[PDB]
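A.B. asks: this one's experimental. Sequence and coordinates below.
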12 protein chains.
Amino acid sequence: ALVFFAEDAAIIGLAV
Amino acid sequence: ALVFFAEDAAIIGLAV
Amino acid sequence: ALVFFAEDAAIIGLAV
Amino acid sequence: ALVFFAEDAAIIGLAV
Amino acid sequence: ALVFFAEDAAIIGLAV
Amino acid sequence: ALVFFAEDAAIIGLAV
Amino acid sequence: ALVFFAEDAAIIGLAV
Amino acid sequence: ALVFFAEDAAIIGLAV
Amino acid sequence: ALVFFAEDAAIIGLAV
Amino acid sequence: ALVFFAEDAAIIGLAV
Amino acid sequence: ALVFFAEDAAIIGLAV
Amino acid sequence: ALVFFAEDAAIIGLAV
Ligand SMILES: [Cl-]
Ligand SMILES: [Cl-]
Ligand code: NA
Ligand code: NA
């Protein structure tokens, strides 16, 4: 799967 | 809101 | 075009 | 994180 | 299927 | 335009 | 609702 | 950034 | 496949 | 138009 | 919820 | 990367 990084602050990974 | 990073070069933030 | 970065491991660029 | 709401009847949250 | 809601005003459903 | 409502917490509108 | 125009050939509207 | 076009009528740009 | 258009300037076609 | 498949159980088509 | 199938190789289900 | 399948008729793969 792919993990997209994003700022939510903290950096999080969005897994797909 | 989340900020996705992308190369446009410079790094920019895409606000959602 | 924009290049999104994602962890696939190694970091890859997704061109759009 | 964002939570999108959707009727699946019943309301569910789609977490991102 | 899922029904997403949006304000178009009136609330509408987007079916998927 | 459309406004999607999501929980960001607080309920916010994403305008498109 | 919004209509997106895309080539499918002919250029058609995708309704949302 | 990219600008996608959509029919709202007017033809608008959705900027990304 | 669908070809989405966007202004990048020049109009570009994104193939899907 | 494209048809994406998804398990909704039965397998259905999502038309775009 | 819908389950999209995708090749990651193995076939996996993406749940929404 | 992920490959989504779709009917375009032949079945095609969308690479990501
Ligand atoms: Cl920026
Ligand atoms: Cl899943
Ligand atoms: Na907010
Ligand atoms: Na920048």
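C.D. replies: Alright, I've got the coordinates. Numbers count the residues shown, from 1 in each chain, chains lettered A, B, ... in the order given. Ligands and ions are numbered 1, 2, ... in the order given.
A.B. asks: please count neighbours and contacts with C-alpha atoms only from this point.
C.D. replies: Noted.
A.B. asks: with adjacent residues omitted, what lies nearest to the residue nearest the centre of chain A?
C.D. replies: The residue lying closest to the centre of chain A (C-alpha atoms, centre = their mean) is residue A:13, at 2.1 Å. Excluding its sequence neighbours, the residue lying closest to residue A:13 (C-alpha to C-alpha, 6 or more residues apart in numbering or on different chains) is residue A:5, at 4.6 Å.
A.B. asks: ok, the one you found touching residue A:14?
C.D. replies: Yes. With contact defined as C-alpha atoms under 8 Å, residue A:5 reaches residue A:14; the gap is 6.3 Å.
A.B. asks: helices and strands around the helix or strand where the residue nearest to residue A:13 lies, which ones?
C.D. replies: Here residue A:5 sits within strand A:3-7, counting by DSSP states H and E. In terms of contacts (3 or more C-alpha pairs under 8 Å, 6 or more residues apart in numbering or on different chains; DSSP states H and E), strand A:3-7 is packed against strand A:11-15, strand B:3-7, strand C:3-7.
A.B. asks: on that earlier part again, burial measure for the residue nearest to residue A:13, as a count.
C.D. replies: Burial of residue A:5 is recorded as 19 neighbouring residues (other C-alpha atoms under 10 Å in any protein chain shown).
A.B. asks: now swap in the one 3 residues further on and tell me
C.D. replies: Burial measure for residue A:8: 15 neighbouring residues, criterion other C-alpha under 10 Å.
A.B. asks: how much space between it and residue A:14?
C.D. replies: Distance, residue A:8 to residue A:14, by C-alpha to C-alpha, to the nearest Å: 11 Å.
A.B. asks: residues in contact with residue A:3?
C.D. replies: Counting by C-alpha atoms under 8 Å, 6 or more residues apart in numbering or on different chains, residue A:3 touches A:13-16, C:6-8.
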